[PDB]
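Same order as they appear, the protein sequences are chains A, B, C and D.
Following the deposited numbering, the numbering of the first sequence begins with 3 at its first residue and continues without gaps.
Following the deposited numbering, the numbering of the second sequence begins with 1308 at its first residue and continues without gaps.
Following the deposited numbering, the numbering of the third sequence begins with 510 at its first residue and continues without gaps.
Following the deposited numbering, the numbering of the fourth sequence begins with 303 at its first residue and continues without gaps.
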Amino acid sequence: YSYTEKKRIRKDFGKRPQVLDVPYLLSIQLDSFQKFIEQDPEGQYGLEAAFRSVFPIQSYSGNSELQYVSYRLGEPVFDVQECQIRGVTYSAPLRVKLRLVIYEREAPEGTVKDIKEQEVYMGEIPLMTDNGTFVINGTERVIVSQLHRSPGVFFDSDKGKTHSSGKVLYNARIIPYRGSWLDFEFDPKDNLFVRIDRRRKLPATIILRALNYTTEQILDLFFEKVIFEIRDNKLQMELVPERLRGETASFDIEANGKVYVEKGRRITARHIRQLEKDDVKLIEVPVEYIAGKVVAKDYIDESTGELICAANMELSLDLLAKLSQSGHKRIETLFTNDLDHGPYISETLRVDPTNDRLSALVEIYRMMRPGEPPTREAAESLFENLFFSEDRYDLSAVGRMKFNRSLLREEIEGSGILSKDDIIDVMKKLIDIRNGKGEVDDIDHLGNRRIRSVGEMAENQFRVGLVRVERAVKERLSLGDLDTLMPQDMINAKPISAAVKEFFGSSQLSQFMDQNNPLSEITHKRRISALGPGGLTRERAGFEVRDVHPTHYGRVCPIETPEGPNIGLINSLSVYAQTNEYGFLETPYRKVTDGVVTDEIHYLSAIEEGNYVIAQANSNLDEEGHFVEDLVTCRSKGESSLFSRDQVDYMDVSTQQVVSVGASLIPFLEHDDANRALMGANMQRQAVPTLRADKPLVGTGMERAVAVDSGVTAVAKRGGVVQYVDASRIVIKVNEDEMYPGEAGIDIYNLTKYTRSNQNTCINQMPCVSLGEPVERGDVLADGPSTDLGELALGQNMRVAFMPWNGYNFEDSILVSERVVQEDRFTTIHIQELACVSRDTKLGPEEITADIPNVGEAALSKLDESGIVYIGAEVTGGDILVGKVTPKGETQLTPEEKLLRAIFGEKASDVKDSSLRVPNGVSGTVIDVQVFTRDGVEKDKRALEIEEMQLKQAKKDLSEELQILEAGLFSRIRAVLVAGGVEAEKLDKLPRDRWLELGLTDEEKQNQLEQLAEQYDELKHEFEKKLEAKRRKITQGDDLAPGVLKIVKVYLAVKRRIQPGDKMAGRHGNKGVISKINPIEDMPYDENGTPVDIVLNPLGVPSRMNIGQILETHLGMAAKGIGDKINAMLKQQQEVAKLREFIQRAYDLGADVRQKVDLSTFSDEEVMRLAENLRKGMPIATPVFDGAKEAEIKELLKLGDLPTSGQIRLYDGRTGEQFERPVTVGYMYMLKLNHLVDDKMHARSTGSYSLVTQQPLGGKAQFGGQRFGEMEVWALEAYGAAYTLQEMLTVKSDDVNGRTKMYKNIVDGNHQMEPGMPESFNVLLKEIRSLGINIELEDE
Amino acid sequence: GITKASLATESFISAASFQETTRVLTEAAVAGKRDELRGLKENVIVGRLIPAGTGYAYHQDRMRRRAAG
Amino acid sequence: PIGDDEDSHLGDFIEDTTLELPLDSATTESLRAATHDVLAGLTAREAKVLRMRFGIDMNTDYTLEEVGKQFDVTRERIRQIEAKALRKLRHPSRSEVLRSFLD
Amino acid sequence: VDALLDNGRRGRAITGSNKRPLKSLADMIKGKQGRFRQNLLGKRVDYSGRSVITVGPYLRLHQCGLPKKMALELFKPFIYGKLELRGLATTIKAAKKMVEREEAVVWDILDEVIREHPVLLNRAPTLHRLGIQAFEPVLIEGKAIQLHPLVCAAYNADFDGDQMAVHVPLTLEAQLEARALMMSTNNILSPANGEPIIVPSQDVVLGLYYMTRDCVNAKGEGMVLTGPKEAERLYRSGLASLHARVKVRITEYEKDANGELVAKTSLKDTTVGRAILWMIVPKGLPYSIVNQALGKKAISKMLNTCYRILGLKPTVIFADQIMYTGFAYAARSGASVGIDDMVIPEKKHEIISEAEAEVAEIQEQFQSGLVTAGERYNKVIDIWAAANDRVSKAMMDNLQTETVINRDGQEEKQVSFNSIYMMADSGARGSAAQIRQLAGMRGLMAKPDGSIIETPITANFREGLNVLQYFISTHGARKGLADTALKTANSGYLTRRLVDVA
Ligand SMILES: O=C(Nc1cc(/C(=N\c2ccccc2)NO)cc(C(F)(F)F)c1)Nc1c(Cl)cccc1Cl
Ligand SMILES: [Mg+2]
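Given below as C-alpha cells:
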C-alpha cells in the first residue's frame, strides 16, 4: 500500500488476480525518439545509422573525400517552459565532426592534406519532452506512430474478379524499405511476368537475362532433366520411378525383360512401387514420345559446326533424326507436368522478345525511361542502381528478416540489397505456389503489418536531408581548390533544418496533441495510423484492412477507433501491448507448462502466437492454478472453441489486454453493445476538465494509472517529508537512503499554474499534500486538471433519475436541475490567447500607443499609459485589450461630409483604429500579458514595466532556490559534524558561513564534508550563472516575422458554467444536450425530500443497447449509500471502532474477492481520514470483463439501507403527488464534452466578402453565412418557392449589386428584390470567353 | 438507364453542371448550340426565377410572349 | 491549397477590403437627406452659398471668389454669410439631426 | 498556350518554386469535387445562422425557439429601419449604436419585426423537401435553438448534438412562400405517401399508451360516470385509477349526414384513461378510435382519419393536443427502467444444455464418421439457431403475459405492465429484436469472411459477456457502422442520378 492509498481506497470487485500490472502507458513514444537521437557505436537505427549510410561522401573520381567522424547535440537554447511561452521550437543544435581528405593525385593512397573541420553546424532538431511530446511553435505536438506493410516478400492471390475465368492468378511482390518495387505476376495463359514498380509488364525471363543468364541456364534453374539415350538404336529413357505419378501410360512401358505397365493403364502407386523395388533405371521408349518434349540445352553438329536445335525448343520426329546421325548420344529435356511441376518458364521464354544480356538491359532501360535512346552504360548503370546499389536500395533489418523467413531460409540477417539467388528463389517460390505446394499470405495479418514511430520517421526525413546535402557536397567537390574551403562552405543549414521542420511542422501524422484532457493526451500518444506517407488512403484501401482481424487480439483495441471517413484505419494500441524487437506487435501471455498455469510472462508476436493454443483470461482454476474444467474455451489458430484440459500451451495475462486504455475506463463494459461502447470510449476523450476535479464514483481501476502516467500530475522523484507546501511550489526533504552523498539536497517541485492549453481550456495544478506530511517515492504530490488524489476524474458523478419528464428529455435530451449550475460543479474555465500585431505599412509604422482616435474615457480607462490592459482587469465583448493604430492618410471625403466637418470643426485623424478588442460575446479575466519586441527597437513603457517586474521575480525565485538549497546542504553538515565531532550547542552558535573550516576525526566522514564543500560552492556559482542567463533571456528581443515591429499577447481566462445547448454524455455512449435548466422546485424527489440532479430518458436505454449505464447507475446509488451512512456516522462522531467496523464490512462484501484490507493501518489518525474522504461516496473499481455482478450490487444495497430494485418512490416537485410505478435512481458519472453552445452558435447578417468571387466570407471571426448546397436547393425546388431560391443564390449572396440594393430596401421598409446576375456565372462568362469560345446572351 | 438518360439535355449549361465540363463546352460550341434555358438547373445557375412553382406564372407569361406577336 | 485537402484554397480566403460595408452605405444615402433638409432650413441665398462653397449635389466645388462672381456680390461678403450660416446650423435643433452623424 | 487553356493534356507544367501543377482556365471552369460548379457544391448566403438544438415541448407545432442574440444579429437591418421608422433613432448610424449598445428599447422593436415574419430551418442531411421547414420565431433566452418534437421525425434529427441552420426570408414573396408552402402546418403528410409525417414519436406515444390500457383490478373498478369530465375529476383526486374497466356515458358525433354532424350518446364500456383522453378528440370522430390500446400505429391512424374527415386545422390542433397530453401523462406515469425490468427465461439454461447435447451428438457422429464435415456444420448451426428461437419465444411469452393478478377471485393474467415491455409494444422505442438481445442469448456472429461461427453468443447484455463473445461482437459492430455510413453515400449518389434524370 502507498500513502495516497491511505487517503482513499477504491473498493474492488472481481476475482482474477492481476499477474502482470499495467506498464508505462507512454512507453512507445519515449522509446522511439530514445532510439533516434542517441550514440550507438554500430549500425543500429539512430542518427549514427543514417549518417553511416550516406557517408563517407567522395567526389567523382577526383579523390576528394568527405568523411563523417562523430556528432553531438548541444544544450537547448530555451527550456520547455520558456520555449513554450516565447513560441520558438524546443530543439538542439546538431554539431557534426567532418574530415575532409584530399588524396594526392596518382595513388598509392595518401593525403596531401586532411582538414578536420570542427563540428560544422547543420540544422537544429526537435526534442521529445518527458511526456512524449514535441513543441513546434510554442505548442505541444505529437507524432502518431505509423502502421504499414512490412518490407520483404509477399505472395498474394487475386482470385475471383480478374478475368472472370475463375482460374485465379498468383502474384509475388518484393517491397523494400526504400527503392523501387519488384513485382512478379502470372496471367491467364500461365506466362510468368515481371514489372518494376507499377510500370509496364515484361516477360519474366527478361530480368534473368539481365543477371547474365543464357536460356540454357534459365531452363536449368526452373526445370528438371529428362535424359534420352540412343544406345544401340531407336532410343531409350532414364526413368525415375516417381516421375510416372499423376500420368497415364502413353505406350507399353517395359524393361528388364519384364513388362511393368501396359498401354492405357494410368501409373498408380502399385506400378511405381514395383518399379522402385525392381529398381528400373533405364527403359526403352518409342521415337514418337519425344514429339512433344522440349530440349533442355543447345545442340550442334560436331562436324558441320552448325546449330541443330536451340535451347527450349520443341522436338519433332525429324529433328531427332537430324541430331541423331550427327553422333549425339544423350539428349536433355525439360521435366514437365500440367499438374505437379508446371512448364511455365518455357512459355515465358516463348514470349520473351530478347536474347542476350545487353538486349534485356535495353528493353528494361527503355521500360523505365521510355522514348529516349538507350545506351550500354545507361542500361547497366540503371539496372545496377535499381535493386543492387547499396545507395538507392535497402530492405534493412526487418526487410531482410521477413524476406528470408518467408523464403524458408536460415539466416535471419543479411545484406540490404537483392542478390541473384534472392530474386531467383522468389520466382521459384511463386512457381511452387502455382504448382500447389505452399500458400498465399494475407495483408490484414499483423505479422505482415509493421509499426513505426516518431524516431524512425524523423530518421527518414533527416536521411532525405542528408542525400540532398550529398548532391551539393559532390557538386562543390567537383571544381574545388585545395586548402581553402573546408567542411563548412559546402554543407548548408537550411536544407536539413527545413527538412526536419517540414516534418514536425506539417505532416498528417504530426499534429497538435489533443490536450483537453489527461485521457485525451495519453490516448493520442498511443495511436496507430495506416495513413500518411508510406501508407494507403481512405479513398484507396477497401473494407478488409479497416476490419478487425483475430491478430488484433491483445495488440490492437477492437472497440476503440474513430467512427467516420476513416474507420479502423486508425484504431489504438492495446493496454498491455508492446512493440516487437523487429517492430511487430506482441502481447503478454502466461506460459502453461505441463498441467500448471505458471505466472511467468511470455511475449508472442502475431506470427509467434499462431500455432500455440492460448487459454482464456476468464477461466476457472484454483490452488496450484490447475484448470477446473475438463475442457475450457480457448483459441489456437485463427479460431476459438472448446479445448482439452491439458492441451493448453499458454493463457491470457489479464482480463483487460484485449481492449485499450480508453475502453478499460468503461465500467460494466461487458453489458454494453460494441457500437455504443465505441461511441463511449470515443467521447470519453472529449471531456473538458471541470472546475472542481471530482472523482469517478463508479470506476475501473485504470484511472489511477492514466492520471499518473500522463504528465498532467506531478509525481515525487523521491520520498521524504514535505518541508514546504504552496499553491505555487512544493519542497520535499529527501530521505537519506535514496539521497546521493554529494550536494545533500531537497527535491523542489515548481507547479504549473493557470496557463493556456492547446484546446483553449485551462490547465492548472493543485497540491494534494499538506505541510509536513510523509510521502512515498513515486507518489502524487499534486493533481493536474481533471485528476483527484492520484486518480482520473474526467467529470463529475451526480444524482440521476430515469423517467420521462414532460418531454423535456425527449430524444437524448437531458433535463438538469438548478442545483448543478448553482453548485458550479460542471462549470469550466477557458484560457484564450489573443494577439495584437504591430506591422509596417508603406504609409507608416503602427503604434501600440494608448492614444486612440474616437474612444470614450471609459474605453481608455482599462488601458495604461502605454495602451495595454492591466493584469487582472475583468473584460467583456467589445473591451479594448490592446490599443493599436495604423496610418491611413488623406481620407478623401465627400461634399456633405466636408460641410459636416466645416460646421463641427473636427479634424479627421490620419490614423485608423486597429486595436485588438475582445471577440463579441465572450467574457473573462486577464491573467497575463506578453510583449515581443524586434531586437533593437526601443521597448515601450508597459513592456519595460513588465520586463523589470519579470527581472525582479526571477531574482527572487533564484534567491529562494539558493536559500532552500543552501540551508538544506548545511543541515547535513550539522548532522555529519556531530558524528566524531559532536558539539550540540557549541556548533550552532558561530556563523554558519564559517562552518566549513571545522574538521573531524580521521574517517570517510571528513571526505563527506569535503563533498558537501565542493557541491556547495558549485551551487553558489551556479546561482550566479543562472541569474545572468535568465536576465539575458528576459532582455533579448525575440526574432519576429518580416514587417512586424512588436506583438502583444493578452491571456483571457473566461468562465462558462453550463447552458442549454451544451453536450453531455456518460461513459456508455449515451449522448445528450442539456435541454432546460429546471428549478430545484420542480425536481422529482424522494420520500427523504432529496431532489435529483439530472433526469434522463428511459426510452434511450432499450433501443441502443447499453445496459451498463443502468448497472453503473445502480452500483453508483449503492456506492453513494455507503457514503451517506458514513456521512451520518461521522456527523454522529461515534468513535474509531464503529466507523472502522462499518468500513471493513463494506470492504469485505460477501465472499470471494481479491481486495484485502486494513487494521494494518493506524487505527486513529489514519482511518479517520479515509472515512473523511469516503463520505462524499464510496469509490468502487469495476474491472473491464472481471467486473461486479448483480448479486454483489444488491448485497451492497442491503449494506446501504437502499432497495434491491434500485428504484424508489418519487414525487413531482410540482403537484407533490407520487409518481405511479417505481423509478430507477442512482449516481451516473457524467462528463461534459467541449461542444459548448457558445462556441458552436453563429449568426451573420451582412459581413465581409470574398475578392475573387463576391461571396460572403468571414474575415473578422465574424462568421461567413451558412452554405446553401445543391440538396437544399432541391428542397426549395420541391416546394413552389422560386423567390426564396432566387433571393438565396442571388441577392443574399452572389450579387454584388443586389445585396446592398436589398439592404437599403430592408431598412426602408420595402421588401422586394432587383436581382440582376450572380457574379459567379458572370465570372464563368469571362473564363469561357478567355478561351477560344465565344459565349453570348441573345435577344431581349 | 437513368445515368444514361441524364446525359441528354437540350440546355448545355445544364450539361456542364453534372457531366464532364471540358467535353460538354466544346461539343456544344462546335454546333453553335443555343441554350434557351427553360429548365430548372440552368435557371438556377444563371440566377433567375425557377421555371416552376411560384415562378411558373412568370416563365409562362414569358414563354408565350416569345415566338409570337 | 490550405488544409483539409478540400476545395479550400488560399485565394478563397482572401477577403475584399476594397468594398464598402452596406451598414455605412445606408448612412451615406441618409446623410444626403439630412443635409438636404438642413439646407432647406437656411435662406435660399445662404443655401446657395453653402451648396456652392462645398460640392453638395453639384459638379466639383467652388472657390470663394468663384462664389463671388456667380453671386454678383463678391469677396469678404460671402465669407461672412458662410460663417453666420454655419452659425445657424451650429446650435441645437438645427444641429441635433446632423450632430448624430459624427462618431 | 495549351498549358494555359487546359493543363495536363501534354506535360503538366508546374508553378514557380512549387511542385503542385498550376491551375489552368479549364480547371477554373470545371471546379472540383467530381462535378461541382459552385451553384452545385454550395454557396455562402447572408442573413443566416446556426446552432445546437433543444426540445421545447411548450411550442405549438407552427413555431420554434430562436436565441435572442441570434435574432438580433439576423434581423439587424429590419431592426435599424424599424428603429428609425418610429423615431427612436435619429439616423441609421445612431440605430447601429443603439443595437450595438443593446439598449432596452430595441427588444420590443425586435418583437415587432419578428411577429408575422417566418424563418427557415434546415438540417445537415437534406434529402426530402421536409429537410427544410418554416417556423414562426419565438424569442428565447439562451444560445440554443428550440425545435418542436413532432417535426423531429421529418428532419431525422436526434438531440445528441445535431445542429440546425436558420435562414431569413428577406423579400415579401419569400415570406409568403415560406408561410404558404415551407410552413410546418402546411405539410402534415409525406410527399412519398399520404401517411402523416407528424406522427407522434416516443415519449408521447408511451403516454397515450399508458393512459388507455386496462389492468385487471384497480381503483373504481366497475363503476359508472356521467362524462369524461368527472372521469378525469375522479382520476386526479386519486379516487379512481388511470386504468380500470368502467362504463361511462359519452357523446360522439358523426358527420355522416350531408355536410352535417349527427350527435349520439351512449354508455360505452371503456377505461378511465380512455375517457379522459376522449376530451381531446375533436367533433365527428367516433369514440371507437380511442377505445383501443393506442399503439404507435393506431395513434397514427387516429390522426390520419381525423385529417381525412375534419380537414387540416382540426388535425393540426388535434395533433398538438395529443403531443401535450402524451408528454404530461407519460411524465405522471413514472415509467422507468431498472436492471430487474428485463426478465430472463427460467428455462434458458435447460434449452442451452439440450441444444448443447445435440452438438456433442453430431460431434460423436463425425467422430464415428456417420456424417460428413460440412453436413455436420449445417447440423450444429441448425440446432444452435433453433435454440436461439426457443429462448427468444420463451422470454417473449414470459416477459409478455407473466403478470398474474387477482380480481375478486383467485387469479387471472393479462399483458404485462412491465416498463421495457410497454416501451417495445407501444412502439415508443425498442423492439423484439433488441429485447431478445437484452434477456435471451443474442444470435450467432459471422467472421468477416461471412462464415457463420458455430459457437453463438450464449450470454446476453443483462448477463455478462466474456472476452471472446465481445471480441466476436466487435466485428459485427464495425461492419454495421461501416455498411451504414456507406449506404448513406450510396443513397446520396442515387438521389443525385435521379434528380439529374428528372
Ligand atoms: O478472421 C477469421 N475468423 C474469425 C474467427 C473468429 C472466432 N474466434 C475468435 C475469438 C477471439 C479472437 C479471435 C478469434 N471465430 O470462432 C472471430 C473473428 C472475428 F473477426 F470476428 F473476430 C474472425 N478468419 C480469417 C483468417 Cl484466419 C485470415 C484472414 C481473414 C479471415 Cl476473415
Ligand atoms: Mg444523430
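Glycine included, each C-beta is placed from N, C-alpha and C at the ideal position.
For the C-beta of D/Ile-754, not a single chain C residue is nearer than 9 Å; the gap to the nearest is close to 40 Å. Within 7 Å of the C-beta of A/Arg-637 there is at least one heavy atom belonging to ligand 1.
Between D/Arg-339 and chain B, the shortest Cβ-Cβ separation is below 8 Å.
Counting the other Cβ atoms within 10 Å of the Cβ of A/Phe-1164 gives fewer than 16, which makes it exposed. In chain order, the residues positioned with their C-beta nearer than 6 Å to some heavy atom of ligand 2 are D/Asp-460, D/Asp-462 and D/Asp-464. Short note on A/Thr-589: C-beta not closer than 7 Å to any heavy atom of ligand 1. Of all residues in the segment 1309 to 1339 of chain B, only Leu-1332 and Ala-1336 come within less than 7 Å of chain A when Cβ atoms are compared, listed by chain position. For A/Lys-99, the enclosing beta strand (DSSP E) begins and ends at 93 to 105. Counting every other CB atom within 10 Å of its CB across the protein chains shown gives A/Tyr-215 a total of 16 or more, marking it as buried. Note: A/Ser-1252 is bridge-paired with C/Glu-524 in the DSSP secondary-structure output. For D/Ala-396, the closest Cβ of chain C is nearer than 8 Å.
Beyond the five residues adjoining it in sequence on each side, D/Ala-791 comes within less than 8 Å, by CB distance, of no other residue in the same chain. Under the Cβ criterion of 8 Å, C/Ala-549 is not counted among the residues facing chain D. With a 10 Å radius around the Cβ and a threshold of 16 neighbouring Cβ atoms, A/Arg-473 comes out exposed.
At least 8 Å separates the CB of C/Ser-602 from every CB of chain D.
Listed along the chain, the chain A residues whose CB falls inside 8 Å of the CB of D/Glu-479 are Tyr-1281, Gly-1282, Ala-1283, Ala-1284, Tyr-1285 and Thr-1286. D/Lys-332 has a beta carbon lying at 8 Å or more from every beta carbon in chain C. Of the heavy atoms belonging to ligand 1, at least one sits nearer than 7 Å to the Cβ of D/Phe-773.
CA-to-CA, the gap between A/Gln-1136 and A/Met-1180 works out to about 19 Å. Assignment of beta-bridge partners to A/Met-1107 by DSSP yields no partner.
Cβ atoms of D/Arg-425 and D/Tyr-457 come within 8 Å of each other, at about 4 Å. Short note on D/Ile-755: C-beta closer than 7 Å to some heavy atom of ligand 1. Neighbours of B/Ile-1352 in chain D, taken as residues whose beta carbon is under 8 Å from its own, are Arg-339 and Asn-341 in chain order.
Residue environment analysis places A/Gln-649 among the exposed positions, since fewer than 16 neighbouring C-beta atoms fall within 10 angstroms of its C-beta. No Cβ-Cβ contact shorter than 8 Å links A/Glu-775 with A/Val-717.
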